[PDB]
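Structure file input.csv (CSV, C-alpha atoms and all ligand atoms) is printed below.
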```csv
chain,number,residue,atom,x,y,z
A,1,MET,CA,-24.1,1.7,-31.6
A,2,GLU,CA,-20.6,2.9,-32.4
A,3,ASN,CA,-18.6,-0.2,-31.7
A,4,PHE,CA,-20.9,-2.2,-33.9
A,5,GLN,CA,-21.4,-2.1,-37.6
A,6,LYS,CA,-25.1,-3.0,-38.3
A,7,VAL,CA,-25.1,-5.9,-40.8
A,8,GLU,CA,-28.8,-6.1,-41.1
A,9,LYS,CA,-32.1,-5.8,-39.2
A,10,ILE,CA,-32.8,-9.4,-38.0
A,11,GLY,CA,-36.3,-8.5,-36.9
A,12,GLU,CA,-38.7,-6.7,-34.6
A,13,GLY,CA,-38.4,-8.0,-31.1
A,14,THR,CA,-41.1,-8.0,-28.4
A,15,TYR,CA,-39.1,-5.1,-26.7
A,16,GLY,CA,-37.4,-3.4,-29.7
A,17,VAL,CA,-35.6,-3.8,-32.9
A,18,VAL,CA,-32.9,-6.6,-33.3
A,19,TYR,CA,-29.9,-6.2,-35.5
A,20,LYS,CA,-27.2,-8.6,-36.7
A,21,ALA,CA,-24.0,-6.7,-35.9
A,22,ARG,CA,-20.2,-7.1,-36.1
A,23,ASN,CA,-18.1,-6.1,-33.1
A,24,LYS,CA,-15.6,-3.7,-34.8
A,25,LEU,CA,-12.9,-4.5,-32.3
A,26,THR,CA,-13.1,-8.3,-32.0
A,27,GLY,CA,-14.8,-9.0,-35.3
A,28,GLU,CA,-17.4,-11.2,-33.6
A,29,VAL,CA,-20.9,-11.2,-35.2
A,30,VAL,CA,-23.6,-10.9,-32.6
A,31,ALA,CA,-27.3,-10.1,-32.2
A,32,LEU,CA,-28.0,-6.6,-30.8
A,33,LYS,CA,-31.3,-5.9,-29.1
A,34,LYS,CA,-32.4,-2.4,-28.3
A,35,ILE,CA,-34.9,-2.5,-25.4
A,36,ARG,CA,-37.7,0.1,-24.7
A,37,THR,CA,-39.9,4.8,-20.6
A,38,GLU,CA,-37.9,7.3,-18.5
A,39,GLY,CA,-34.5,5.9,-17.4
A,40,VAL,CA,-34.7,2.1,-17.2
A,41,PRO,CA,-35.5,0.5,-13.8
A,42,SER,CA,-32.3,-0.2,-12.0
A,43,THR,CA,-34.0,-3.3,-10.7
A,44,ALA,CA,-34.3,-4.6,-14.2
A,45,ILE,CA,-30.6,-4.0,-14.9
A,46,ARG,CA,-29.5,-6.0,-11.8
A,47,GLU,CA,-31.7,-8.8,-12.8
A,48,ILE,CA,-30.6,-8.9,-16.4
A,49,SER,CA,-27.0,-8.7,-15.5
A,50,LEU,CA,-27.5,-11.8,-13.4
A,51,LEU,CA,-28.3,-13.6,-16.6
A,52,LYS,CA,-24.8,-13.2,-17.9
A,53,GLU,CA,-23.9,-16.1,-15.6
A,54,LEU,CA,-26.7,-18.4,-16.9
A,55,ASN,CA,-24.6,-20.3,-19.4
A,56,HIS,CA,-25.5,-23.6,-21.1
A,57,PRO,CA,-25.0,-25.0,-24.6
A,58,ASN,CA,-28.8,-24.8,-25.2
A,59,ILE,CA,-29.2,-21.3,-24.0
A,60,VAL,CA,-28.5,-18.3,-26.3
A,61,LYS,CA,-25.5,-16.6,-24.5
A,62,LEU,CA,-26.0,-13.1,-23.2
A,63,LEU,CA,-22.6,-11.5,-24.0
A,64,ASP,CA,-23.3,-8.0,-22.6
A,65,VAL,CA,-25.7,-5.6,-21.1
A,66,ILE,CA,-25.2,-1.9,-22.0
A,67,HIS,CA,-27.1,0.9,-20.3
A,68,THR,CA,-25.0,4.0,-21.2
A,69,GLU,CA,-26.7,7.0,-22.8
A,70,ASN,CA,-29.8,5.8,-20.8
A,71,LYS,CA,-30.9,3.3,-23.4
A,72,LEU,CA,-30.7,-0.5,-22.9
A,73,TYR,CA,-28.9,-2.8,-25.3
A,74,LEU,CA,-28.4,-6.5,-24.9
A,75,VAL,CA,-25.7,-8.3,-26.9
A,76,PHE,CA,-26.4,-11.9,-27.7
A,77,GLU,CA,-24.7,-14.9,-29.4
A,78,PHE,CA,-25.9,-15.0,-33.0
A,79,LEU,CA,-27.6,-18.0,-34.7
A,80,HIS,CA,-28.7,-18.0,-38.3
A,81,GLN,CA,-32.2,-19.2,-38.1
A,82,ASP,CA,-35.2,-19.4,-35.8
A,83,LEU,CA,-37.6,-22.4,-35.4
A,84,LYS,CA,-40.6,-20.4,-36.7
A,85,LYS,CA,-38.9,-19.8,-40.0
A,86,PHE,CA,-37.6,-23.4,-40.1
A,87,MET,CA,-41.1,-24.8,-39.6
A,88,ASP,CA,-42.6,-22.7,-42.3
A,89,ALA,CA,-39.8,-23.9,-44.6
A,90,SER,CA,-40.4,-27.5,-43.6
A,91,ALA,CA,-44.2,-27.4,-43.9
A,92,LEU,CA,-44.5,-29.3,-47.2
A,93,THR,CA,-42.8,-32.4,-45.9
A,94,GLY,CA,-42.6,-31.8,-42.1
A,95,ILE,CA,-39.6,-31.9,-39.9
A,96,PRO,CA,-38.3,-35.6,-39.7
A,97,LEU,CA,-39.2,-37.2,-36.3
A,98,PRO,CA,-35.6,-37.8,-35.3
A,99,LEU,CA,-35.0,-34.1,-35.7
A,100,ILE,CA,-38.1,-33.2,-33.8
A,101,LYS,CA,-37.0,-35.5,-31.0
A,102,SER,CA,-33.4,-34.2,-30.9
A,103,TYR,CA,-34.7,-30.6,-30.7
A,104,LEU,CA,-37.2,-31.4,-28.0
A,105,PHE,CA,-34.5,-33.2,-26.1
A,106,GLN,CA,-32.1,-30.3,-26.3
A,107,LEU,CA,-34.8,-27.8,-25.4
A,108,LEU,CA,-35.7,-29.8,-22.3
A,109,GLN,CA,-32.0,-29.9,-21.3
A,110,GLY,CA,-31.9,-26.1,-21.5
A,111,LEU,CA,-35.1,-25.8,-19.5
A,112,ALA,CA,-33.8,-28.2,-16.9
A,113,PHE,CA,-30.7,-26.1,-16.5
A,114,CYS,CA,-32.4,-22.7,-16.2
A,115,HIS,CA,-35.1,-24.1,-13.9
A,116,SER,CA,-32.5,-25.6,-11.6
A,117,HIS,CA,-31.2,-22.1,-11.2
A,118,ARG,CA,-34.7,-20.8,-10.6
A,119,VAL,CA,-35.0,-18.8,-13.8
A,120,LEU,CA,-38.1,-19.1,-15.9
A,121,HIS,CA,-38.7,-18.0,-19.5
A,122,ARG,CA,-42.5,-17.3,-19.4
A,123,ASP,CA,-42.9,-16.6,-23.1
A,124,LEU,CA,-41.5,-19.5,-25.1
A,125,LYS,CA,-42.4,-19.7,-28.8
A,126,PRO,CA,-41.0,-20.9,-32.1
A,127,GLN,CA,-39.6,-17.5,-32.8
A,128,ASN,CA,-37.2,-17.5,-29.9
A,129,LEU,CA,-35.9,-21.0,-30.4
A,130,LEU,CA,-32.7,-20.6,-32.5
A,131,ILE,CA,-30.9,-23.2,-34.6
A,132,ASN,CA,-27.6,-23.7,-36.4
A,133,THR,CA,-26.2,-25.9,-39.1
A,134,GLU,CA,-24.7,-28.3,-36.5
A,135,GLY,CA,-28.1,-29.6,-35.4
A,136,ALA,CA,-28.2,-27.6,-32.2
A,137,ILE,CA,-31.2,-25.6,-30.9
A,138,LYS,CA,-31.1,-22.9,-28.3
A,139,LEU,CA,-33.6,-21.0,-26.1
A,140,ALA,CA,-33.4,-17.1,-26.5
A,141,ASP,CA,-34.6,-14.5,-24.0
A,142,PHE,CA,-34.7,-16.6,-20.8
A,143,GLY,CA,-35.4,-14.4,-17.8
A,144,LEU,CA,-36.3,-11.2,-19.8
A,145,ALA,CA,-40.1,-11.5,-19.0
A,146,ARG,CA,-39.4,-11.3,-15.2
A,147,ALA,CA,-37.3,-8.2,-15.9
A,148,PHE,CA,-39.4,-6.3,-18.4
A,149,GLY,CA,-42.8,-8.1,-18.2
A,150,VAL,CA,-44.6,-9.4,-21.3
A,151,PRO,CA,-46.6,-6.7,-23.2
A,152,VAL,CA,-49.9,-7.1,-25.1
A,153,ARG,CA,-48.3,-5.3,-28.1
A,154,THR,CA,-44.6,-5.1,-29.1
A,155,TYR,CA,-43.0,-1.7,-29.7
A,156,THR,CA,-44.2,-1.9,-33.3
A,157,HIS,CA,-47.8,-2.5,-32.1
A,158,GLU,CA,-47.7,-6.2,-33.2
A,159,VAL,CA,-49.8,-8.4,-31.1
A,160,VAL,CA,-47.8,-10.7,-28.8
A,161,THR,CA,-48.9,-14.3,-29.4
A,162,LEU,CA,-51.0,-16.1,-26.8
A,163,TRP,CA,-50.7,-19.5,-28.5
A,164,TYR,CA,-48.2,-21.0,-26.1
A,165,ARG,CA,-49.6,-19.5,-22.9
A,166,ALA,CA,-50.2,-21.9,-20.0
A,167,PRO,CA,-53.8,-22.0,-18.6
A,168,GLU,CA,-52.9,-20.9,-15.1
A,169,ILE,CA,-51.6,-17.6,-16.7
A,170,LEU,CA,-54.8,-17.2,-18.7
A,171,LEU,CA,-56.8,-17.8,-15.5
A,172,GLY,CA,-55.0,-15.0,-13.7
A,173,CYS,CA,-52.5,-16.7,-11.5
A,174,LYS,CA,-50.1,-14.1,-10.1
A,175,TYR,CA,-47.3,-16.6,-9.3
A,176,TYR,CA,-45.8,-18.5,-12.3
A,177,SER,CA,-44.0,-21.8,-11.8
A,178,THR,CA,-41.5,-23.5,-14.1
A,179,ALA,CA,-44.5,-25.5,-15.3
A,180,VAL,CA,-45.5,-22.6,-17.6
A,181,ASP,CA,-42.4,-23.3,-19.7
A,182,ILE,CA,-43.1,-27.0,-20.0
A,183,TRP,CA,-46.6,-26.2,-21.2
A,184,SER,CA,-45.3,-23.8,-23.9
A,185,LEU,CA,-42.7,-26.5,-25.1
A,186,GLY,CA,-45.5,-29.0,-25.2
A,187,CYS,CA,-47.5,-26.8,-27.6
A,188,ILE,CA,-44.4,-26.3,-29.7
A,189,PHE,CA,-43.7,-30.1,-29.7
A,190,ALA,CA,-47.3,-30.6,-31.0
A,191,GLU,CA,-46.9,-28.0,-33.7
A,192,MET,CA,-43.6,-29.5,-35.0
A,193,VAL,CA,-45.4,-32.9,-35.4
A,194,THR,CA,-48.6,-31.7,-36.9
A,195,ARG,CA,-47.4,-28.6,-38.8
A,196,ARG,CA,-50.3,-26.6,-37.4
A,197,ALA,CA,-50.3,-24.6,-34.2
A,198,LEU,CA,-52.1,-26.5,-31.4
A,199,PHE,CA,-54.1,-23.7,-29.8
A,200,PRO,CA,-54.0,-20.6,-32.1
A,201,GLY,CA,-56.1,-18.2,-30.0
A,202,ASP,CA,-56.7,-14.7,-31.1
A,203,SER,CA,-57.8,-13.3,-27.7
A,204,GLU,CA,-57.3,-14.5,-24.1
A,205,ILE,CA,-60.8,-16.1,-24.0
A,206,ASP,CA,-60.5,-17.6,-27.4
A,207,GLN,CA,-57.1,-19.1,-26.3
A,208,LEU,CA,-58.5,-20.5,-23.1
A,209,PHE,CA,-61.6,-21.9,-24.9
A,210,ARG,CA,-59.5,-23.5,-27.6
A,211,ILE,CA,-57.5,-25.3,-24.8
A,212,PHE,CA,-60.8,-26.4,-23.1
A,213,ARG,CA,-62.3,-27.7,-26.4
A,214,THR,CA,-59.3,-30.0,-26.8
A,215,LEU,CA,-58.3,-31.0,-23.3
A,216,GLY,CA,-61.8,-30.7,-21.7
A,217,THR,CA,-63.0,-27.9,-19.5
A,218,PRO,CA,-61.0,-28.3,-16.2
A,219,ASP,CA,-62.7,-29.0,-12.9
A,220,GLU,CA,-61.7,-29.7,-9.3
A,221,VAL,CA,-61.1,-33.4,-10.0
A,222,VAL,CA,-58.3,-32.8,-12.6
A,223,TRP,CA,-57.2,-29.4,-11.3
A,224,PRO,CA,-57.7,-28.8,-7.5
A,225,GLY,CA,-58.2,-25.2,-6.9
A,226,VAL,CA,-59.1,-24.2,-10.4
A,227,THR,CA,-62.6,-22.9,-9.7
A,228,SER,CA,-61.0,-20.4,-7.2
A,229,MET,CA,-58.7,-18.9,-9.8
A,230,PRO,CA,-59.0,-15.1,-10.3
A,231,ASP,CA,-60.4,-15.2,-13.8
A,232,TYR,CA,-62.3,-18.5,-13.6
A,233,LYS,CA,-66.1,-18.2,-14.3
A,234,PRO,CA,-68.6,-20.8,-13.4
A,235,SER,CA,-70.2,-19.8,-16.7
A,236,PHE,CA,-67.4,-21.3,-18.8
A,237,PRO,CA,-68.9,-23.9,-21.2
A,238,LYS,CA,-68.1,-27.5,-20.2
A,239,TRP,CA,-66.4,-29.3,-23.1
A,240,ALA,CA,-65.5,-33.0,-23.0
A,241,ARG,CA,-61.8,-34.0,-23.5
A,242,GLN,CA,-60.7,-35.2,-26.9
A,243,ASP,CA,-58.4,-38.3,-27.4
A,244,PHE,CA,-54.7,-37.5,-28.1
A,245,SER,CA,-54.7,-39.9,-31.0
A,246,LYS,CA,-56.9,-37.3,-32.6
A,247,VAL,CA,-54.8,-34.3,-31.4
A,248,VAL,CA,-51.3,-35.1,-32.7
A,249,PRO,CA,-51.7,-37.9,-35.3
A,250,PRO,CA,-49.7,-39.7,-36.3
A,251,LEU,CA,-47.4,-39.4,-33.3
A,252,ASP,CA,-46.6,-42.8,-31.6
A,253,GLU,CA,-47.7,-43.7,-28.0
A,254,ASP,CA,-44.3,-42.7,-26.4
A,255,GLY,CA,-44.7,-39.2,-28.0
A,256,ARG,CA,-48.4,-38.9,-27.1
A,257,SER,CA,-47.7,-40.1,-23.5
A,258,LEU,CA,-45.0,-37.4,-23.0
A,259,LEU,CA,-47.1,-34.7,-24.6
A,260,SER,CA,-50.0,-35.5,-22.3
A,261,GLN,CA,-47.8,-35.1,-19.3
A,262,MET,CA,-46.5,-31.8,-20.6
A,263,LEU,CA,-50.0,-30.6,-21.0
A,264,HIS,CA,-51.5,-31.6,-17.6
A,265,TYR,CA,-53.8,-28.8,-16.4
A,266,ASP,CA,-52.6,-28.8,-12.8
A,267,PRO,CA,-49.1,-27.1,-12.9
A,268,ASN,CA,-48.1,-29.3,-10.0
A,269,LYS,CA,-48.9,-32.5,-12.0
A,270,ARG,CA,-47.2,-31.2,-15.1
A,271,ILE,CA,-44.0,-33.1,-15.8
A,272,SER,CA,-40.7,-31.3,-15.0
A,273,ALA,CA,-38.0,-30.8,-17.6
A,274,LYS,CA,-35.7,-33.1,-15.7
A,275,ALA,CA,-38.3,-35.9,-15.5
A,276,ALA,CA,-39.2,-35.4,-19.2
A,277,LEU,CA,-35.6,-36.1,-20.2
A,278,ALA,CA,-36.0,-39.6,-18.7
A,279,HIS,CA,-39.2,-40.4,-20.6
A,280,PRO,CA,-39.0,-43.5,-22.9
A,281,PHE,CA,-39.8,-41.3,-25.9
A,282,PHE,CA,-36.1,-40.3,-25.8
A,283,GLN,CA,-34.7,-43.9,-25.7
A,284,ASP,CA,-33.6,-43.7,-29.4
A,285,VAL,CA,-32.8,-40.0,-29.5
A,286,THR,CA,-30.0,-38.9,-31.9
A,287,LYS,CA,-28.6,-35.7,-33.2
A,288,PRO,CA,-29.4,-35.3,-36.9
A,289,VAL,CA,-28.5,-32.1,-38.8
A,290,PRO,CA,-31.1,-29.9,-40.4
A,291,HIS,CA,-31.1,-29.1,-44.1
A,292,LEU,CA,-30.5,-25.4,-43.6
A,293,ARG,CA,-30.3,-23.1,-46.6
A,294,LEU,CA,-28.7,-19.8,-45.5
A,301,LIG,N1,-29.7,-14.1,-31.2
A,301,LIG,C1,-30.1,-14.2,-32.5
A,301,LIG,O1,-29.3,-14.6,-33.4
A,301,LIG,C2,-31.4,-13.9,-32.9
A,301,LIG,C3,-32.2,-13.0,-32.0
A,301,LIG,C4,-33.5,-12.6,-32.3
A,301,LIG,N2,-34.1,-11.8,-31.5
A,301,LIG,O2,-33.4,-11.1,-30.6
A,301,LIG,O3,-35.4,-11.7,-31.4
A,301,LIG,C5,-34.2,-13.2,-33.5
A,301,LIG,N3,-35.4,-12.9,-33.9
A,301,LIG,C6,-36.4,-14.1,-34.1
A,301,LIG,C7,-37.6,-13.6,-35.0
A,301,LIG,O4,-38.0,-12.4,-34.5
A,301,LIG,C8,-37.1,-11.4,-35.0
A,301,LIG,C9,-35.8,-11.5,-34.1
A,301,LIG,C10,-33.4,-14.1,-34.3
A,301,LIG,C11,-32.1,-14.5,-34.0
A,301,LIG,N4,-31.4,-15.3,-34.8
A,301,LIG,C12,-32.1,-16.2,-35.8
A,301,LIG,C13,-32.3,-15.4,-37.1
A,301,LIG,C14,-31.3,-14.7,-37.7
A,301,LIG,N5,-31.5,-14.0,-38.9
A,301,LIG,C15,-32.7,-13.9,-39.4
A,301,LIG,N6,-32.9,-13.3,-40.4
A,301,LIG,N7,-33.8,-14.6,-38.9
A,301,LIG,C16,-33.5,-15.3,-37.7
```

Is it possible to give me this structure as structure tokens?
Amino acid sequence: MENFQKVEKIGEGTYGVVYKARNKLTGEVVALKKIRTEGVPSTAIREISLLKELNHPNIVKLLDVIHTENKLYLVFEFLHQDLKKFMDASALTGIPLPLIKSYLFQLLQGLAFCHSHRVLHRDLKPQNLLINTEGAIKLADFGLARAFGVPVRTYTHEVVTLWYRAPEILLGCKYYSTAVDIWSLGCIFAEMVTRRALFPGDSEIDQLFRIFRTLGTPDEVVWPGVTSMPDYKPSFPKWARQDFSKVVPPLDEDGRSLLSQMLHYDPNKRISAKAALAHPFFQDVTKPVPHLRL
């Protein structure tokens, strides 16, 4: 804009370009997101504005919402790195378990907070989990999906990833629950441990079938109501469930136990963020600092 000197393009967001910028008047450095098209839904602005009050140490702070000139800009707290990039950079040796645990623990605290205020993310992924040199990790873009919806392609035509999508969404459920975020976080947890995406689908059916091939094709015993879902087909192949010891080796039993609860098929059975914070996996949790080269 005019009150902000663009320092650099941080990246291409799912809704528009994102710039690192300096507030010319207060000198603060922030992240500036330009969102998408003929006027901007007034319903969206009321909803987004509401998010300015959703403040927590593990949630990227929304500093301002600007509509003027009939364009939509969101100003956010700035963090130097995202988890996707950090994982790529840690691929050779992997992120130390104490750091994975600390990150998961903080992420769950952030989810527990938003969920307690009835705000869902809906599109969690490594790219929107931001980290700093102090060992903190924060969730970015909470609540935006509800306001703008999640597109197939971003403004740049890039394909939005389906890797972290909960199965109830893939099966066509119209109503999402907080459980969809726990699923996504479980997939990210598995990816930090193994250094390979858990379910890297490249289409909705491929994503769904990758889940089925690992966790078993769901049925009425494990997921009451599943055969009645909108996109469920009796013709889906029936795959047997695999053992977790084979899915996220060499994670220990506390870790495997927690992950299994975060990946339950039935959204109602899936562990809540609050209950996950009490899981024995976090008994020895600590707050290490990452080796961050900026
Ligand atoms: N709020 C923020 O500070 C922030 C926002 C977004 N965003 O609004 O999307 C973002 N993206 C994540 C990857 O997709 C591109 C944009 C990254 C951010 N920060 C970490 C970071 C800073 N610089 C560089 N080069 N890479 C990462």

Legend entry - Nearest candidate to ligand LIG 301 (chain A) (options A:141, A:88, A:53, A:123; using only C-alpha atoms and all ligand atoms): A:141

Compile a residue-level contact table for chain A against ligand LIG 301 (chain A) at a cut-off of 7 Å, reporting for every qualifying residue the shortest atom pair and its distance in Å to one decimal, with all atoms listed in the file counted, rows ordered by chain and ascending number, as a Markdown table.
```
| residue | atom | partner | partner_atom | distance |
| --- | --- | --- | --- | --- |
| A:10 | CA | A:LIG301 | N6 | 4.6 |
| A:11 | CA | A:LIG301 | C8 | 3.6 |
| A:12 | CA | A:LIG301 | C8 | 5.0 |
| A:13 | CA | A:LIG301 | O3 | 4.8 |
| A:18 | CA | A:LIG301 | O2 | 5.3 |
| A:30 | CA | A:LIG301 | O1 | 6.8 |
| A:31 | CA | A:LIG301 | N1 | 4.8 |
| A:33 | CA | A:LIG301 | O2 | 5.8 |
| A:60 | CA | A:LIG301 | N1 | 6.6 |
| A:76 | CA | A:LIG301 | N1 | 5.3 |
| A:77 | CA | A:LIG301 | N1 | 5.4 |
| A:78 | CA | A:LIG301 | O1 | 3.4 |
| A:79 | CA | A:LIG301 | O1 | 4.0 |
| A:80 | CA | A:LIG301 | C14 | 4.2 |
| A:81 | CA | A:LIG301 | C12 | 3.8 |
| A:82 | CA | A:LIG301 | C12 | 4.5 |
| A:127 | CA | A:LIG301 | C6 | 4.8 |
| A:128 | CA | A:LIG301 | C6 | 5.5 |
| A:130 | CA | A:LIG301 | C12 | 5.5 |
| A:140 | CA | A:LIG301 | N1 | 6.7 |
```

Legend entry - Answer as number ranges by chain, residues within 12 Å of (-17.5, -5.9, -36.1) using all atoms listed in the file: A: 1-7, 20-32

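The closest residue to residue 46 in chain A, picked from A:147, A:17, A:99, A:285 and counting all atoms listed in the file, is A:147.
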
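Note that CA of residue 218 in chain A and CA of residue 276 in chain A are 23.1 Å apart.
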
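Going from CA of residue 129 in chain A over to CA of residue 15 in chain A, you cover 16.6 Å.
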
Inset, instruction - Identify, on the basis of only C-alpha atoms, every residue whose closest approach to residue 49 in chain A does not exceed 10 Å; exclude the query and any residue fewer than 3 positions from it along the same chain; express the result as a PyMOL selection string. - result: chain A and resi 44-46+52-54+62-66+74

Inset, instruction - Can you work out which one of A:227, A:194, A:133, A:42 has the shortest atom-to-atom distance to residue 249 in chain A, counting only C-alpha atoms? - result: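 Of A:227, A:194, A:133, A:42, the one nearest residue 249 in chain A, counting only C-alpha atoms, is A:194.
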